[PDB]
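Protein chains in written order, with the deposited numbering: chain B, 12 to 278; chain D, 14 to 38, 63 to 72; chain D', 14 to 38, 63 to 72; chain D'', 14 to 38, 63 to 72; chain C, 2 to 58, 68 to 238; chain C', 2 to 58, 68 to 238; chain A, 1 to 258; chain A', 1 to 258. A prime marks a further copy of an entry chain.
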Amino acid sequence: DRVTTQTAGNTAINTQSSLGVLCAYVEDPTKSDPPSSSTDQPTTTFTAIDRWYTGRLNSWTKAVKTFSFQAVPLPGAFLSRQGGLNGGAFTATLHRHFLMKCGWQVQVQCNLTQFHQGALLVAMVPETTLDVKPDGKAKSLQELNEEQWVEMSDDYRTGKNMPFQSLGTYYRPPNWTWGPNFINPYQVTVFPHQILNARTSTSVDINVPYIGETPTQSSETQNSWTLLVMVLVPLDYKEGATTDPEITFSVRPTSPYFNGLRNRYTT
Amino acid sequence: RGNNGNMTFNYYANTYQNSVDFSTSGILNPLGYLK
Amino acid sequence: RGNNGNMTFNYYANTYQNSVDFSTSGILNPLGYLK
Amino acid sequence: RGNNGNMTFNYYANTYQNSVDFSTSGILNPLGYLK
Amino acid sequence: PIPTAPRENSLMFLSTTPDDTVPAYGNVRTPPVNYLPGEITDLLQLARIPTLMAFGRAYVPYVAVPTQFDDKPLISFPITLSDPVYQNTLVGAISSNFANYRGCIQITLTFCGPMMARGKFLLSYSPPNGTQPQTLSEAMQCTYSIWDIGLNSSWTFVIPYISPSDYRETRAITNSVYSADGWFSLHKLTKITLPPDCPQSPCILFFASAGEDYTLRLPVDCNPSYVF
Amino acid sequence: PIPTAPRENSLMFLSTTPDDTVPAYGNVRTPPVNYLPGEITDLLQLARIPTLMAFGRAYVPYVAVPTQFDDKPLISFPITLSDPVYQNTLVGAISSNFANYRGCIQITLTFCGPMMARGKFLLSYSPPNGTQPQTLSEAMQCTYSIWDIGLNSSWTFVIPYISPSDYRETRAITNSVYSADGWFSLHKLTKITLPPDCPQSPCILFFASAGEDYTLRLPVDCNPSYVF
Amino acid sequence: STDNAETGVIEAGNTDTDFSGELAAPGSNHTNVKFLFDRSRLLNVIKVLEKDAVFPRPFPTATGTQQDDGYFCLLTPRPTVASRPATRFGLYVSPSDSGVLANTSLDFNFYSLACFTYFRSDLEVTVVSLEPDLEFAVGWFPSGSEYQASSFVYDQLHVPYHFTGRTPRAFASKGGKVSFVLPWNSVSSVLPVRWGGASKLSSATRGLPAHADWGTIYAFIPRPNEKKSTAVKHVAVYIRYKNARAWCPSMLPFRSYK
Amino acid sequence: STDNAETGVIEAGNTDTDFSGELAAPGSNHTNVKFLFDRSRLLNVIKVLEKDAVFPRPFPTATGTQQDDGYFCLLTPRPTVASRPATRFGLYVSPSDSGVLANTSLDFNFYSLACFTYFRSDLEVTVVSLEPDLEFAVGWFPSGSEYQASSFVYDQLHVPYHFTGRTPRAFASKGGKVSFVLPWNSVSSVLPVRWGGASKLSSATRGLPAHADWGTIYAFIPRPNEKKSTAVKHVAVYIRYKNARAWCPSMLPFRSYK
């Protein structure tokens, strides 16, 4: 029934209030074809990278307003080690390949009690730059610690604070008003999403395939999928209850096809 | 076929008019499958 | 067919030229029937 | 046939359009044969 | 020489002719796209995805439920797809780019309160009348559906398609019976009985998908007011 | 009279239309050309012919091999078909007149030293990285092939086609991963052991042919800089 | 009916699902992606070349560099600036100031129904003049090429090199128009409407696709450089997405509440 | 692999020959000779006749001879000078001097991919005007003919003899163009791109083919000599090599290293 144990490799996780694995865009997203933009033999999956990678996410208080979100880039969380999410045998292989191509199977745990209210919107958003600061560089670990939650201002709703190339002193700098990597917060449920309600479940189960402009994108730069935990209804609890419930997430890369072996990535 | 009302006759061939893909080797399905 | 002298060939199809009705499921009759 | 997309119909004949040679009586071969 | 007589619309560039044109750089083998999943065959595959509505209380997707019981609708909005509770739904933001529609708007709720909360909600669609109903007895006489709170926590209230025409307008410039199809209204039937040490004023969360027979017609020009 | 409506591109001279035109001096029997051998059916029959590369030391087709052993590549050049070690190869001088390619550049060597010379050479193709490899241990980790000197005196190092796209650019105006495909690098693995009374510093001679699957696309305008 | 919207799949129901009704007949299919995008729309009002131009230098550009701005039409629905692909879209509010006012363009009709991420279509360019009785000519160069910028002397007339070429230079008649369908020529398999990767490795801008385009058209008067006039002539570029295919559903732009 | 490049035949190999790889699918055939040369390009900007001209006298030419230079287009990709076939190609660097500045022409797009020696193709000439609203007319005379240079009086108007003839005088309309495909008419079987023989026996120039051409077109305003204007009008000649066949692989021009 509602007790699903998902054994993968050696790291098997459990849940007793599951809603069902939201397989996205296909029936079985585990099945995937090898890339057609490579002539060398691809490093397929093996039993050290077919496993669940559990990380941490920032806590969730009453001070979190509506639509204050928190983005986990994939596989950008393996590189920067966001939330302590260390890949181990996957990060040490993804730094030694130029073309990576995998589908993701994420699972966000957040254990609300029957006396709490509030609802997360855990969604897998394709192709956004929500981690990257508008100057052009990605956020560090302290910058993902000083704020704990990215507030949905006018710049995120419209698409105004996305990174850009500066025009220079020759041109007159325009009034920047729009950019196509916006968030429409009222329309995040078009993405593969499950609501982590306080009264139905403690873990959402999303399964996404590989999408991308090329049959295999780069390894050290891609932002194909992006885990996006958005607060729809703010947290509320009477005093005496368990304060600030923590949020985790478990990521399993389904069927990776690495290509282009080279040495470890040094800028 | 899209917004094409020319049911009868194509002068230029299918490779010149359209752009086919080279090979490697009513009913609206949902975009999310609960399993 | 009305005032149409083109007995031979219609280039555009019947849906593009005319406007058909979607389905739900010589001799001049009188307009008033005494019963 | 070259850069010719007219698969259907040639109005002028083959002698007028092209210029044939009067008679006297995929696979790319190499240009140098070691023997 | 084939004697042809060109028509009166010769050398006229019409923008939406159902016809191709002359190729200039033909015979290009594009790379194959068999690897990308989830091809949108039709844009009604996205109108049938439920998206958050937006309510004026910093506009809020949910509805706060006050414990003060007064005989009014808790939240109410007309079923007109240019109304500002519909500007950022895939039902509303696609159909604002069209001219007509046909089919059933589907409003889905989600009670985002605690598990121990009980209570009942009344979900009354009213046809267009001279005055919006306010009393619970005036919405009981309409088309309603009493929704219960329990183990399940959603209720897809399929708003029916009651229209004097085969299609309805989707942009109420001049308000009539062809664009505005009456009001939706959520009354709290019985008050929400919260146990001790549970948060007061829970939140009903609204969605807006489209029915399985939702149809659209006549693309018109969009509104570039987002880019400003 | 056949009523025809001419299009919006009527009386437009486009230079590369795939179509013939009206003959003016037809019915001319040209003399037969059955006697001439070696008809070029396709211009890839010439890209598959190995031609000399050119190296800045009066640019030199060969590579002088100094007997001073320092851990550097002996000669190195990026695999970009606009690089000036490729301006006068039939691989490079044909593909500079195109826009895309696909397939394997084939670098062929020829040790033009004495017969009694021995030694080994390392032929390492590196994929594009942040920095060109210089240490022998940094080129050992890449794709290499240790070449021996002996009775035979050539080694066709087929550089693989490792690309994130189906075609690669052939003119690195703005440098990216679509035009520059990493560096080639020839290290001397073991030093060349010359016997007494044999000339010091022999010469490795480089060629550059194309693979059996080398493909080209999209002719662009040439560069008339030769005629100046 | 009694459902669960936390699950992520909500089955769309009719009136007969909860009430006593029936179905409605599906009338039209104007929501078809191949039908919806197959119609022309304004892309960019670009100026017509009168001399051998210079393609604009890449960003950032310091002062003093004599280039030619607003003469090139980068055929992409994404936000562009100075005929190069950009990420943020900017428009001028108090434009009557100093500096060089950069040409920015955007496909307004596209993003209102670009509820998807990826997109592939054969573009159909129509270049309509904005000048009474102008004879012009439309150049092009594909996704991954560059503009040949010089002039070769023909009979003491500086004919520029953008007359010749292997790319289609379609000549308009006097008072006529230009219309030719361009194939999908980009090195990418699809055009990312939204993109989060980086094309380069070092000093790359996140979200800026390098080659998500159909190339760049330009307009040029087919007279040599000695016959250069003074008054600037404009031309309008209409595009149509023939045989459109759209993958990966996504968001629509945020309609404001004011 | 282990090969011998001294032998002269080096078999082209794939990645799978030496490494563990595979083949790549052959995408396009744009290297086909019949496909590559089947596209138009600028050949010569020639001036338009307004009177009964004189064909230029053969080389060397002393001063005082009243001829007409730069009015004739010798349809050949080889280097020409003063509408006659030449061997060396010369262009002017400081042209503002005395003497008669000779018209030199060359097919720039041809020699960059003329990696062969011999070539045979039916030429497709397009004569595009370089004058606003000009009505002109294109003459021709084949490989092995000469220009009939006089004028016969028609109703006291000196009509020149190059109106009439058995060779195609195609008349352009006012604002129209001329386009007609010419067959391979030379006495040679093929056109030598590179030639080392001599046509004559005594006082012959080595490497100058006498009849490696498609003839010579010219342009003339179809008014008699009394209606001769003053301002010189130009016209441009675009050629296309239909049904090209190329034999005997050869070299490409030396790209400089500066």
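For every residue, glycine included, the Cβ atom is placed at its ideal position computed from N, Cα and C.
- Using a CB distance cut-off of 8 Å, residue 235 of chain A does not count as an interface residue toward chain D.
- Interface criterion met: the Cβ of residue 243 of chain A is under 8 Å from a Cβ in chain D.
- In this structure, the alpha-carbon of residue 201 of chain C lies about 7 Å from that of residue 77 of chain C.
- Apart from sequence neighbours up to five positions away, the residues of its chain that approach residue 142 of chain B with a beta-carbon distance below 7 Å are 82, 84, 87, 149 and 150, ordered along the chain.
- Looking at A'/109, A'/38 and A'/12, the one whose alpha-carbon comes closest to that of residue 235 of chain C' is A'/109.
- Residue 14 of chain D'' counts as exposed, since fewer than 16 other C-beta atoms from the protein chains shown sit within 10 angstroms of its C-beta.
- In the three-state reduction of the DSSP assignment, residue 169 of chain B falls in the helix class, which pools H, G and I.
- The straight-line gap separating the alpha-carbon atoms of residue 116 of chain B and residue 253 of chain A' is approximately 57 Å.
- Within the same chain, 74, 75, 76 and 77 come within 7 Å of residue 211 of chain C by CB-CB distance, once the 5 residues on both sides are set aside.
- Rounded to the nearest whole angstrom, the C-alpha separation of residue 104 of chain A and residue 91 of chain A is 7 Å.
- With a cutoff of 8 Å on beta-carbon distance, residue 120 of chain C' and residue 164 of chain C' are scored as near each other.
- Contacts with chain D (Cβ-Cβ distance below 7 Å) from the region 201-214 of chain B involve 203, listed in chain order.
- Residues of the region 130-147 of chain B with a C-beta atom less than 8 Å from some C-beta of chain C are 130, listed in chain order.
- Of all residues in the region 191-211 of chain A, the ones placed with a Cβ closer than 9 Å to any Cβ belonging to chain B are 191, 192, 193, 194, 195, 196, 197, 198, 199, 200, 201, 202, 203, 204, 205, 206, 207, 208 and 209, in chain order.
- Secondary structure at residue 137 of chain A: strand, using DSSP grouped into helix, strand and coil.
- If you look at residue 89 of chain B, you'll find it isn't in any beta strand (DSSP E); it sits in the alpha helix (DSSP H) that goes 87-91.
- Residue B/122 holds the alpha-carbon nearest to the alpha-carbon of residue 26 of chain B among B/122, B/205, B/145 and B/165.
- DSSP places residue 22 of chain A' outside both helix and strand once states are collapsed to three, so it counts as coil.
- The three-state secondary structure of residue 159 of chain B, taken from DSSP, is coil.
- In chain order, 228 and 230 place their CB closer than 6 Å to the CB of residue 109 of chain C', counting only its own chain and leaving out the 5 sequence neighbours on each side.
- Residues are counted here when their Cβ sits less than 8 Å from a Cβ of chain C'; for the region 95-119 of chain B these are 109 and 110, given in chain order.
- Contact residues of the region 15-38 of chain A' toward chain B are 15, 20, 21, 22 and 24 (C-beta to C-beta distance below 7 Å).
- At a C-beta separation below 7 Å, residue 32 of chain D'' has these neighbours in chain A': 122, 183 and 184.
- Annotation for residue 143 of chain A: 185, 186, 187, 211, 213, 214 and 215 place their beta carbon closer than 7 Å to its own, counting only its chain and skipping 5 residues before and after.
- Residue-level contact check: residue 27 of chain D'' does not touch chain A', since none of the beta carbons of chain A' fall below 8 Å from its beta carbon.
- The DSSP-derived three-state label of residue 102 of chain C is helix.
- Taking residue 50 of chain C as the centre and dropping the five residues before and after it, the same chain places the C-beta of 100 and 219 closer than 8 Å to its C-beta, in chain order.
- Around the beta-carbon of residue 132 of chain A, fewer than 16 other beta-carbon atoms lie within 10 Å, marking it exposed.
- Residues of chain C with a Cβ closer than 8 Å to the Cβ of residue 22 of chain D do not exist; the shortest Cβ-Cβ separation is about 11 Å.
- Annotated as distal: residue 68 of chain A and residue 102 of chain A, with beta-carbon spacing of 8 Å or more.
- Annotated three-state conformation of residue 274 of chain B is coil, per DSSP.
- Secondary structure of residue 190 of chain A' (DSSP, three-state): coil.
- Distance check between residue 48 of chain B and each of C'/206, C'/24, C'/149 and C'/112 places C'/112 closest, using alpha-carbon atoms only.
- Only 175, 176 and 177 from the region 147-177 of chain C' bring a Cβ to less than 9 Å from some Cβ of chain C.
- Counting the other CB atoms within 10 Å of its CB gives residue 162 of chain B a total below 16, which places it among the exposed residues.
- Residue pairing by DSSP places residue 114 of chain B opposite B/265 in a beta bridge.
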